[PDB]
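One letter stands for each residue in the lines below.
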Amino acid sequence: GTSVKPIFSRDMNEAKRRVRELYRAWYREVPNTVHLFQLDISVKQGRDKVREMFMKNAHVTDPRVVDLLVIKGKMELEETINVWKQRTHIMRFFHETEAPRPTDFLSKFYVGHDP
Amino acid sequence: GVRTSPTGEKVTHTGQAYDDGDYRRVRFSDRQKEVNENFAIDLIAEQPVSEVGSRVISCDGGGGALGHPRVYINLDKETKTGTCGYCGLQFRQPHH
Amino acid sequence: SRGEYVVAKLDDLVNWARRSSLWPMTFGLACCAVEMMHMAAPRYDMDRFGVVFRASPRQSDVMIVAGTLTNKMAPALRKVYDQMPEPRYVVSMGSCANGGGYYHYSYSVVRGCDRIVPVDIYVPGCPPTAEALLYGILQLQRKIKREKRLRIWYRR
Amino acid sequence: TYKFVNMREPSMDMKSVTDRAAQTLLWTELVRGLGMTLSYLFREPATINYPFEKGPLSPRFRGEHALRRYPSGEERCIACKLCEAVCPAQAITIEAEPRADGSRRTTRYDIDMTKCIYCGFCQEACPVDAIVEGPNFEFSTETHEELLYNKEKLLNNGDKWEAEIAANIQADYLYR
Amino acid sequence: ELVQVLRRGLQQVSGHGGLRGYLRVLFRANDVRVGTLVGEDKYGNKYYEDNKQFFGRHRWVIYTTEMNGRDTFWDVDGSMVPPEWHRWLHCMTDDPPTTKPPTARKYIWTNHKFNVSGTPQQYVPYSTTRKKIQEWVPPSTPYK
Amino acid sequence: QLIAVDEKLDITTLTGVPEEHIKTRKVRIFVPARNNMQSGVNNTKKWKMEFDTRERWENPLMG
Amino acid sequence: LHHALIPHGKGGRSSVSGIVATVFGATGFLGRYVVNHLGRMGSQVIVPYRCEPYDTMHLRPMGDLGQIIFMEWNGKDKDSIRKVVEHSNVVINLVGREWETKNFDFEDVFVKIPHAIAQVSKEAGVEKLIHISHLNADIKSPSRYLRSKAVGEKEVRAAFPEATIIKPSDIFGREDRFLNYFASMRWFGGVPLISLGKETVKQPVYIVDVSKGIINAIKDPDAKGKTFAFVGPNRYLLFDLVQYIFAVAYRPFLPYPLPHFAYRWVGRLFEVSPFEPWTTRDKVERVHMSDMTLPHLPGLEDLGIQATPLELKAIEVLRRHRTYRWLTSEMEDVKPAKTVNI
Amino acid sequence: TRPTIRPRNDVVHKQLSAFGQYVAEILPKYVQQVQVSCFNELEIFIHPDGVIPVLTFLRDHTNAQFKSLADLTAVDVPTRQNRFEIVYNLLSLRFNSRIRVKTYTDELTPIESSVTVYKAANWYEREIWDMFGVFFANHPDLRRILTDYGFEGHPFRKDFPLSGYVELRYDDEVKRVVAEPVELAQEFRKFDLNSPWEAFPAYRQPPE
Ligand SMILES: CCCCCCCCCCCCCCCCC[C@@H](O)O[C@H](CO[C@H](O)CCCCCCCCCCCCCCC)COP(=O)(O)OCC[N+](C)(C)C
Ligand SMILES: NC(=O)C1=CN([C@@H]2O[C@H](COP(=O)(O)OP(=O)(O)OC[C@H]3O[C@@H](n4cnc5c(N)ncnc54)[C@H](OP(=O)(O)O)[C@@H]3O)[C@@H](O)[C@H]2O)C=CC1
Ligand SMILES: COC1=C(OC)C(=O)C(CC=C(C)C)=C(C)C1=O
Ligand code: SF4
Ligand code: SF4
Ligand code: SF4
Ligand SMILES: [Zn+2]
């Protein structure tokens, strides 16, 4: 039993429905975000970034964790829609000023001690 | 007691001086390297040794509560002088 | 040469006009702005030097960063710095704006406003006294007295 | 015990009613405010002529830091690191080793002045009055790096301001 | 009593050595009050007091026209005041250094320096410690 | 009512920690050894968790 | 490798990169990006300047504390160069002026100064030198600018044999004199083009690509004596490029043909400006000259850089030139131009 | 014992103990523990399900009348299975008294919003959510209050680092403020201050 209480959803199906609703809202919002914030990206890039952000935690199997993730996504969408966010906040999702970090063993061995 | 290095850089009391190879000397170009002129080791070496007529002497650094904590120094070793661990002043007993 | 003399005199005149009429933004962040107000108070009367607060960035010449700059605030400070018409000057006032100060190791504080904007003068203290801020302002005036814009243009 | 600030009732006789009507129609209280501003116009202002005149300070004033010496010229600091331990901003960095003559002395004594809150805890913690906050407060710089003091800078400040620092200490050490 | 004020102004003009000194002190310091001379620096600064003024205006300094290397006829700042007169001028004591001289020490600066920021004499920070790790020096002779 | 989850607890996606400081870190769970300079034992009563030591280098300015 | 110059950290603002670079001409269009890329990873940057220090202020937030040092230099004084390169292991030369001043001509800025810099750097012990040239540098070019470029690169190669020479083609960016220059022409009314721009081919390159290529050439041990050509991915006819520029800015495009002599006469008139000229005869010559094809030289792709097309970065330069009515238009609205490729 | 030691008021201590017994008797369904400290402060430990009934009773009862919410905050104790401790500080003007109500929760269990009981609670709950990540059910408008827009993590948690994971700076190439992983010129220096000799025998724990 494990005697746990929910936040919103009882099982993973309701959680998936909430995830789909949040994804629909973000997908609808992306073009307006590109227009209002005067972004130099395309709408396709924004929608790809939204999809990548959703896929970053596609491995979650706890409905409570999914519920909290959806709540946080709604918070971020509310920040974006009301323009509380600025252009810098929107563009932090893309990491434009960070040099790529190599992932193979040899490059890591060459640069430093970090594993 | 500042002495110059082969590159002309002044040597600090701690002894730090940039090497010829080192690139950090560029920070002093069109500017100066701050060095204190009063080497405390040479100044404390100049003080005369006090002669007292007891085996134990007390030092507080002078000025009462304006000096250092008061400590007591043993003066039994005839071939040496007692040194204050705070001030550096030296004391001894009259020999010869 | 005649041209060198003319440009030197014109540079002197323009520099005098700029430094004698210094209008800072009405802008403060934290504790240090109280000392800024005390510098505007009768005892020191910064207005007697020609220094007048103006609210709009388009009508301001100097920005005094007086208080802690947090991560939430940095884009706004940068934005009102960008909207100042040139020439413009930045004065960093207090430990917090200088290098972070008491909050240097916090997760939400910019470690010095000079990561966000270029700074002309740094005023030390937590907070600096109104007299110290007056000294820094007069130092900025003396720095403006030293620029050579027309002479350098003529030497090109 | 309490009092009311706005719990009064105006008089309703003809005399006071006409008084209030004359106040409304002839602007008496506004004239009074104008009179107060006029009175202030003819007073001597409180402004001083800086930098030729300075604001008053006290011997306890906390300014730019300095390192002090004994009358013989030997340094007072003995690298106990109490000031480093107590500093609420972690603005002091110290390294030490035995000197060539065996003395306990520092090799690094750095104060980040853009980290310092100028609380004066370091000079309270010092047991030999080696580190003090001196009376100077006019030391603004044009670059950030000029406010990162090392040991040479602090010793130079001590040698530069000792004549005033010693007199200031003489005037307050009986309160400490 | 208006004539008294006007005469006070004329004696303010006369007490600065005439019109030339009056205009010099009006354009250098923006003030033409006449005080009593307390003393003079070795750098040329002069110090005055007038106890009839209110607290804060009862002491002042007329800065010198030439300090160590720069012309200070117009460019003056509070950092040109030496420490003893600094203590007197900020009202941290009642006794001027003339009547109450400071203690003489061999290490105290004999020449005061003002704020040197922005000049070639500006302070540049550096690490004062020596090298931590010493590298191995390979031999200078061949091996075969 | 209750929902009766049957998974394993995993809050990593909610803590905001970057991916690098989750997968490449190794924490140590231990009771600290007594400081051999003192006889007191009051610092060896609890368990401690600390992360693996990473690189430290000298600052070009101020060292 | 001199222990103090061994890289440390994760390559951020407070790291050590092992690079000590002197960047001549760091107060220009390319210099700001080069200094920013060097300061991002914790390099010690030395900035020689001749201008008023007010004009070097924007370079200050580019480095950590102590990592950017400003020093005065004179282009015609050898000891200034010696003083500003005494301690560097890399020297990057970005000095150059589009127009000829009374005190400095094209030969002064593209031959004499680069040669003096190269000779002093070789004498001082600098091990890496980066020199910037033009893709169209030709000894018999109709432009004195490009002839001086060719002479200067020859002399620099003579003085510093192991130098790396980079030849870009019409760099475009926010502060560029390329895209911005075309935008400026709208105020007059029409856009005067020689032969209507139908016989000119351009291969512009993004500024960030050039800066990254320079940074990579510093870190590449194989690029010691190499010579690179930095060009964009597409080639455009001048007419199509200007039409696209005007379309992105949403301005009416009115191209009319102007004969070469008439244009030259117009260029001469503008040149008399004591300030920065709006255009010059040399600028008109270089604008209406096709970009050379040099397939025997290594390019951006040989330093790990994928060149950025103009169609992805034009909006960030041309949104400033729009009216309020078109300010919010997005990037994928203006239908990219036709490229004459192969 | 006279000059340097703080005086203790016995009469107040007796009154608070009696009122704690009173409250525990009236609400046995939720009260798990009642405590009175030696410096005269009363604490009530409740089950999370009793947040609303207990607060409502303490606000509306004639013998209670704690009509003001002085403070609401959280404390993080990682060694506990329920990580977070929720503390309500209430003040009674009618009887000139103060009371403290405590409960507990973990990362995934919401707590009922107390906004209906107290208007003042709306901001406090937002701060608890922002700093600790505790979710409050039925909040009128729950969102970040103190942290920067888009900030990730909850900084008041013991596990969160003091300096965070990212910093801000202005970048000239993109012409905006950018966020990057924290790098420090001088690392914060950790001090080990605790004495190896025990200070307070009255608080000694059994040796397990
Ligand atoms: C025709 C309409 C258009 C042009 C309008 C021009 C208006 C007339 C110009 C007004 C001239 C007055 C300015 C000079 C007053 C400065 C006084 C003196 O103090 O200046 C000193 C020296 O001044 C400068 O070195 C030079 C100033 C003047 C430069 C040359 C004059 C050029 C006049 C040419 C006019 C033509 C205009 C162009 C026409 C197109 C520096 O001292 P300062 O730092 O302040 O004070 C320190 C503060 N203390 C005293 C309290 C300690
Ligand atoms: N921009 C382009 O599209 C192309 C550029 N290049 C080359 O790139 C280099 C720079 O490009 P860009 O930055 O756009 O040119 P800029 O004119 O924008 O930068 C010029 C730099 O050179 C310096 N400079 C010019 N003349 C002198 C001088 N006489 N003495 C000292 N310093 C001087 C300027 O300093 P100050 O600010 O004091 O003048 C400035 O820092 C040039 O060599 C140019 O030929 C190559 C191909 C195309
Ligand atoms: C009267 O002119 C002044 C202001 O303009 C209204 C200010 O805002 C300020 C700043 C204080 C307010 C509350 C912003 C000062 C000090 C001032 O003198
Ligand atoms: S520097 Fe000190 S006084 Fe100024 S805002 Fe920061 S904490 Fe307040
Ligand atoms: S005054 Fe306070 S903050 Fe400054 S160095 Fe001393 S102890 Fe540290
Ligand atoms: S300055 Fe004083 S407290 Fe600090 S290390 Fe030296 S002796 Fe100890
Ligand atoms: Zn002693």
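Residues numbered from 1 in each chain as written, not as in the entry; some residues may be left out. Chains lettered and ligands numbered in written order. Part of a larger assembly, values for the part shown. Heavy atoms only, no water.

Novice: Got a minute to help me understand the overall build of chain C in this structure?
Specialist: Across its full length, chain C holds 6 helices and 3 strands. In chain C, the succession of α and β elements from N to C terminus is α-α-β-α-β-α-β-α-α. Taking 2.2 N^0.38 as the reference for a compact globule, 156 residues should give roughly 15 Å; the C-alpha atoms of chain C span a radius of gyration of 17 Å, in line with that estimate. By its C-alpha atoms, chain C is 60 × 35 × 25 Å across when sized along the principal axes. In chain C, which comprises 156 residues, the proportion classed as buried is 58%. Intrachain contacts of chain C at a sequence separation of at least 6 include 79% that bridge at least 24 residues. Computing the positive centroid from 23 side-chain charges and the negative centroid from 13, chain C places the two 4 Å apart. (Helix = DSSP H or I, 4+ residues; strand = E, 2+ residues; numbered from the N terminus. Rg over C-alpha atoms; globule rule 2.2 N^0.38 Å. Buried < 20%, exposed > 50% of the residue type's maximum accessible area, 1.4 Å probe, protein only. Contact = heavy atoms within 4.5 Å. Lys, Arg positive; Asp, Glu negative; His and termini not counted. Charge placed at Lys NZ, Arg CZ, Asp CG, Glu CD.)

Novice: In this structure, what is going on with the site of ligand 2? I would like to understand it.
Specialist: All names here are of chain G. Taken together, 25 residues form the shell around ligand 2, and within it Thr27, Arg50, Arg97, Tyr145 and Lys149 come nearest. Between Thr27 and ligand 2, the recorded distance is 2.8 Å, taken from a side-chain N or O atom to an oxygen atom. Within the backbone of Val95, a nitrogen or oxygen atom sits 3.1 Å from an oxygen atom of ligand 2. Elements that contribute at least two residues to the shell around ligand 2 include exactly α1 (29-40), α3 (106-124) and α4 (144-159). Considered class by class, the residues forming the shell around ligand 2 number 14 nonpolar, 6 polar and 5 charged. (Near = heavy atom within 4 Å. Polar contact = N/O pair within 3.5 Å; in protein donor to acceptor, adjacent residues only side chain to side chain. Nonpolar A, V, L, I, M, F, W, Y, C, P; charged D, E, K, R; others polar.)

Novice: What is the right way to look at the nonpolar core in this model?
Specialist: Ranked by internal contacts, the top residues of the largest apolar core, which has 67 residues, are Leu38, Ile92, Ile214 and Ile218 of chain G. When residues of this core are assigned to their parent elements, the largest contribution, 8 residues, is made by helix α7 (residues 238-248) of chain G. Setting aside residues up to four positions removed in sequence, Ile214 of chain G forms contacts with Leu30, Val34, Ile92, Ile130, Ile132, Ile166 and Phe230 of chain G. Counting 56 residues, the second-largest nonpolar core is a separate cluster that includes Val117 of chain C, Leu67 and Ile117 of chain D together with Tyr170 of chain H. (Core = buried A, V, L, I, M, F, W, Y, C linked by side-chain atoms within 4.5 Å.)

Novice: Got a minute to help me understand helix α3 (residues 63-81) of chain A in this structure?
Specialist: An α-helical segment advances 3.6 residues per turn. Residues three or four places apart therefore align on the same side. Residues and elements named next belong to chain A. With 19 residues, α3 should cover 27 Å at 1.5 Å per step; its first-to-last C-alpha distance of 27 Å lies within 8% of that length. Counted residue by residue, α3 has 15 buried out of 19 residues, so it is predominantly covered. Positive phi appears at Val83, one or two residues downstream of α3, with a value of about 70°. (Expected span 1.5 Å × (residues − 1).)

Novice: Is there a simple way to think about the packing of aromatic side chains in this case?
Specialist: In this description, an aromatic ring pair is defined by two values, namely the gap between the centres and the angle between the planes. Summed over all chains, the structure comprises 44 aromatic pairs over all chains. Both rings, one in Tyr149 of chain D and one in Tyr123 of chain E, keep their centres 6.0 Å apart while their planes meet at 90°; by these two values the pair is edge-to-face. With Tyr149 of chain D in strand β5 (residues 148-149) and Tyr123 of chain E in the segment after α3 (83-89), this residue pair bridges two chains. The two residues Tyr149 of chain D and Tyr123 of chain E agree in class, both being buried. Ring geometry for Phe178 of chain G and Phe182 of chain G: centres 5.4 Å apart, planes at 85°, overall edge-to-face. (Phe/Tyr/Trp six-rings, centres within 6.5 Å; stacked < 30°, edge-to-face > 60°.)

Novice: Mind showing me how you'd approach the pattern of salt bridges here?
Specialist: Two side chains bearing opposite charge may form a pair once their charged atoms approach each other closely. Applying the stated criterion across every chain yields a total of 96 salt bridges over all chains. In this structure, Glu162 of chain D engages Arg68 of chain D in a salt bridge whose closest nitrogen and oxygen atoms are separated by 3.2 Å. Note that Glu162 of chain D is positioned in helix α5 (residues 151-170) and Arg68 of chain D in the loop between β1 (65-67) and α3 (82-86), a separation of 94 residues in sequence. Accessibility classification places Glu162 of chain D together with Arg68 of chain D in one group, the buried group. Note that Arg204 of chain H is salt-bridged to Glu198 of chain H, the shortest N-O span being 3.1 Å. Salt bridges linked by common partners bring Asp114 of chain A, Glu20, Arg25, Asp52 and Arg54 of chain F together with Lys10 of chain G together as one network. (Salt bridge = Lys/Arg side-chain N within 4 Å of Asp/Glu carboxyl O.)

Novice: Teacher, can you tell me more about the coordination of the zinc ion (ligand 7) here?
Specialist: Ideal geometry at a metal centre gives angles of 109.5 degrees when four donors are arranged tetrahedrally and 90 or 180 degrees when six donors are arranged octahedrally. All names here are of chain B. Every protein donor of the zinc ion (ligand 7) is accounted for by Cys59 (SG), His68 (NE2) and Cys84 (SG), and the metal-donor separations fall at 2.3 Å. Motif for the zinc ion (ligand 7), donor spacing along one chain: C-x8-H-x15-C. Of the two residues examined, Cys59 and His68, each falls in the buried class. (Donors = N, O, S within 2.8 Å, 3.2 Å for Na, K, Ca; no water.)

Novice: Would you explain the pairing of strand β2 (residues 42-46) of chain H in this entry?
Specialist: Each regular strand displays side chains that alternate between the two surfaces of the sheet. All names here are of chain H. Judged by how many residues are buried, β2 sits mostly within the fold: 5 of 5 residues are covered. Because side chains alternate across β2, one face comprises the buried residues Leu42, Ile44 and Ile46, and the other comprises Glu43 and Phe45, equally buried. Of the pairings in the sheet, the one linking strand β1 (residues 31-36) to β2 comprises 5 bridges and is antiparallel in character. Note on β2: the bridge partner recorded for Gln33 is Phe45. What sits between the antiparallel neighbours β1 and β2 is a turn of 5 residues, in which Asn40 has the positive phi angle 65°. (Pairing = 2+ DSSP bridges.)

Novice: How do you make sense of the arrangement of the chains when you look at a structure like this?
Specialist: Summarising the chain contacts, 21 pairs of chains touch, and the pair with the most contacts is chains D and E. At no point do chain C and chain F touch; the closest pair of C-alpha atoms across them sits 13 Å apart. Separated in space, chain B and chain H share no contact, their closest pair of C-alpha atoms being 17 Å apart.

Novice: Would you explain the site of ligand 4 in this entry?
Specialist: As a matter of local geometry, ligand 4 sits amid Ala30, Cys31, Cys32, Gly67, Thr68, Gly94, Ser95, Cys96, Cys126 and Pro127 of chain C. Here the residues of the shell around ligand 4 are counted per class, giving 6 nonpolar, 4 polar and no charged.

Novice: Would you take a moment to explain the sheet that holds strand β3 (residues 68-76) of chain H for this structure?
Specialist: For sheets, the rule is that strands pair by backbone hydrogen bonds, running either parallel or antiparallel. All names here are of chain H. One open sheet holds the 5 strands; their spatial order is β1-β2-β5-β4-β3, and the pairing between them is mixed. Either end of the sheet is taken by a strand with one partner, and the two such strands are β1 and β3. In this sheet, neighbouring strand axes are inclined to one another by 20° on average, regardless of whether the strands run parallel or antiparallel. Sitting on the sheet, helix α3 (residues 121-132) is in contact with β3 and β4 (84-92), with an inclination near 10° to β3. (Axes fitted to C-alpha atoms, helices over the stretch in contact; angles between N-to-C directions.)

Novice: In this structure, what is going on with the sheet that holds strand β3 (residues 121-123) of chain C? I would like to understand it.
Specialist: Residues and elements named next belong to chain C. Taken in spatial order, the 3 strands line up as β1-β2-β3 in an open sheet, and their pairing is parallel. For this open sheet the edge positions go to β1 (62-66) and β3, each flanked by a neighbour on one side alone. Ignoring which end each strand starts from, the neighbouring axes of this sheet average 20° apart. Along the sheet, helix α5 (residues 130-144) makes contact with β1, β2 (89-93) and β3, crossing β3 at roughly 170°.

Novice: Would you mind going over the environment of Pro257 of chain G with me for this structure?
Specialist: Residue and element names in this part refer to chain G. By secondary structure assignment, the location of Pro257 is in strand β13 (residues 255-257). Expressed as a C-alpha distance, the spacing of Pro257 and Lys83, which sit 174 residues apart in the sequence, is 52 Å. Discounting residues that sit within four places of it in the chain, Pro257 has contacts with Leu193 and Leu196.

Nothing here speaks to function; it is geometry throughout.
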